[PDB]
Amino acid sequence: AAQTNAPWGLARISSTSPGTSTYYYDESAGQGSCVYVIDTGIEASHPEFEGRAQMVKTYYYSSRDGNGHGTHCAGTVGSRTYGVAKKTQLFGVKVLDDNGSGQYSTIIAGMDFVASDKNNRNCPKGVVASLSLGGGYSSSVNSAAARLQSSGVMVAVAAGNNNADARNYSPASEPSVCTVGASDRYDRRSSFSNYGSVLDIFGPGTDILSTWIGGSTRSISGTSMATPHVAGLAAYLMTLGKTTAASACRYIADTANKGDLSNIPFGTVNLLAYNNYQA
């Protein structure tokens with residue numbers, strides 16, 4: 001299929017050259033898959049989700065997205081106009097407060113929650129988790145993500161916006177999950193994106209149009225924004241039977257656009273997420 005005038009990131013995913021504006025994808029659109037967005041929540045009433053989004057867990061006085069960041073990332077996973085996997089099911093887990101902050105004890109608790117909760121849900125195509133969050137190095141936080149991955153969930157986590165090596169941030173430094181760097185519409189590494197050998201893949205991360213709270217939209221930047229591109233894609237392909245939860249990250253890196261980004265330091269992969277859908 002084709003989405004004319006789509007956000008530059010959606011077009012990037014579907015293309016082998018930057019600067020295009022149509023996002024080509026298989027009409028299956030993540031149907032039968034599920035993606036957990038572990039963040040500040042999701043505004044599930046937003047028409048862009050079409051009734052496919054729902055909250056399933058909060059750790060605060062309200063399960064409402066009082067910030068928009070969780071709603072933004074979910075829009076990149078599966079909203080109709082801004083999402084990669086437009087027919088996927090979205091489940092919100094609010095581990096971050098409305099200022100975007102959250103304790104590690106809560107995020108850990110949130111990841112353990114998803115590993116058990118996928119057992120109440122119908123996801124015959126499989127399960128993905130998008131974690132646009134992180135902090136300084138924590139072994140318990142890294143182990144939390146690896147458990148979620150081992151439990152049968154495709155975990156994609158953001159590399160960090162510190163313009164440094166992601167080895168000193170978590171869950172970014174956990175080797176078994178998928179650690180996403182950010183790029184811009186000119187195929188440069190985003191000026192903020194962390195780098196390093198722990199990185200597995202790059203996704204669109206600078207000036208990303210998506211949903212926002214209040215029935216609205218806006219453009220923001222961060223590796224928080226690239227993570228849901230990779231999360232949607234995994235779910236897309238899993239529905240297509242091309243890959244499974246345990247192997248999606250390797251598949252995406254194996255089938256990415258190689259050597260195409262500028263300002264990738266030595267030791268960091270040069271791989272841009274790509275759906276290789278030949279229409």
Side-chain angles (χ1 to χ4, degrees), residues 3-15 18-25 30 35 37-43 46 48-49 53 65 67-86 88 90 96 100 128 130-134 156-163 172 178-194 199 201-236 252 256-257 260-263 271-275:
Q3 170 181 5
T4 52
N5 293 105
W8 81 265
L10 292 182
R12 204 53 209 88
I13 290 321
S14 84
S15 175
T20 75
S21 84
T22 307
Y23 166 46
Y24 294 105
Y25 68 94
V35 181
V37 178
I38 307 177
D39 214 287
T40 58
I42 307 179
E43 192 176 86
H46 195 325
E48 275 279 334
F49 297 122
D65 189 4
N67 183 293
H69 175 261
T71 293
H72 197 265
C73 299
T76 298
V77 186
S79 67
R80 49 146 181 252
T81 319
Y82 312 99
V84 177
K86 301 172 181 303
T88 199
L90 302 162
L96 309 173
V128 186
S130 212
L131 287 74
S132 288
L133 55 78
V157 317
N161 315 313
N162 323 72
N163 186 33
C178 210
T179 305
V180 176
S183 66
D184 73 13
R185 62 169 83 244
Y186 298 104
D187 277 359
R188 304 174 283 211
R189 181 178 62 90
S190 300
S191 43
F192 51 81
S193 170
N194 283 2
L199 268 75
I201 203 83
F202 276 86
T206 288
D207 303 326
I208 310 285
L209 190 52
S210 185
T211 41
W212 198 257
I213 56 100
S216 73
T217 66
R218 73 179 59 175
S219 194
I220 49 173
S221 313
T223 60
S224 281
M225 279 72 251
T227 301
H229 288 89
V230 174
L233 183 57
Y236 172 68
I252 293 180
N257 282 321
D260 285 342
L261 305 169
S262 75
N263 215 40
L271 299 156
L272 183 60
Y274 175 48
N275 78 352

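Residues: numbered from 1 along the sequence shown.
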Closest heavy-atom pair and its distance - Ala159, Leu199: CB-CD1, 4.0 Å
Interatomic spacing from OG in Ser191 to CG in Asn161 - rounded to 0.5 Å: 9.5 Å
Rounded distance [0.5 Å steps], OH in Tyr274 versus CG in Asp260: 10.5 Å
Closest heavy-atom pair and its distance - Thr211, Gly75: OG1-CA, 3.2 Å
pair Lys86-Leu10: side-chain heavy atoms closer than 4.5 Å: yes
Side chain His229, main chain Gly203, donor-acceptor under 3.5 Å: no
Residues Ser21 and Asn5: side-chain donor-acceptor under 3.5 angstrom: no
Side-chain heavy atoms of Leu233 within contact of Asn275, under 4.5 Å: yes
Side chain to side chain contact (heavy atoms under 4.5 Å, CB included) assessment of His69 paired with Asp39: CA-CA 7 Å; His69 175 261; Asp39 214 287; 2.6 Å; yes
Heavy-atom donor-acceptor pair, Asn67 side chain to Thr40 backbone, under 3.5 Å: no
Straight-line distance of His46 NE2 to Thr217 OG1, nearest 0.5 Å: 7.0 Å
Interatomic distance, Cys73 atom SG to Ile42 atom CD1 [nearest 0.5 angstrom]: 9.5 Å
Residue pair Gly205 / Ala182: nearest heavy atoms and the distance that separates them: CA-CB, 3.7 Å
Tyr23 and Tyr25 aromatic ring geometry - parallel, tilted or perpendicular at 30°/60° bounds: parallel
Closest heavy-atom pair and its distance - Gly78, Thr88: CA-CG2, 4.1 Å
Note, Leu261 side chain near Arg189 side chain (heavy atom, < 4.5 Å): no
Flag side-chain contact, heavy atom, 4.5 Å: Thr223 against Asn194: no
Matching residue for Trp212 among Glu48, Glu43, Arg218 - test: side-chain contact (heavy atoms from CB on, under 4.5 Å): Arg218
Shortest non-hydrogen contact from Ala234 toward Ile252: N-CD1, 4.0 Å
Heavy-atom side-chain contact between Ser132 and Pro228 under 4.5 Å: yes
Side-chain donor/acceptor of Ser79 to backbone N/O of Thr76, under 3.5 Å: no
Sub-4.5 Å side-chain heavy-atom contact between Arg12 and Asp187: yes
Backbone N/O of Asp207 and side chain of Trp8: donor-acceptor pair under 3.5 Å: yes
Min side-chain heavy-atom separation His72-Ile208 under 4.5 Å: yes
Distance-minimising heavy-atom pair for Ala85 and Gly232: CB-O, 3.6 Å
Verdict with reasoning, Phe192 to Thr206, per side chain to side chain contact (heavy atoms under 4.5 Å, CB included): CA-CA 9 Å; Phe192 51 81; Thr206 288; 3.7 Å; yes
Side-chain H-bond candidate by donor/acceptor type, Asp184 with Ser190, under 3.5 Å: no
Backbone N/O of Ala172 and side chain of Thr179: donor-acceptor pair under 3.5 Å: yes
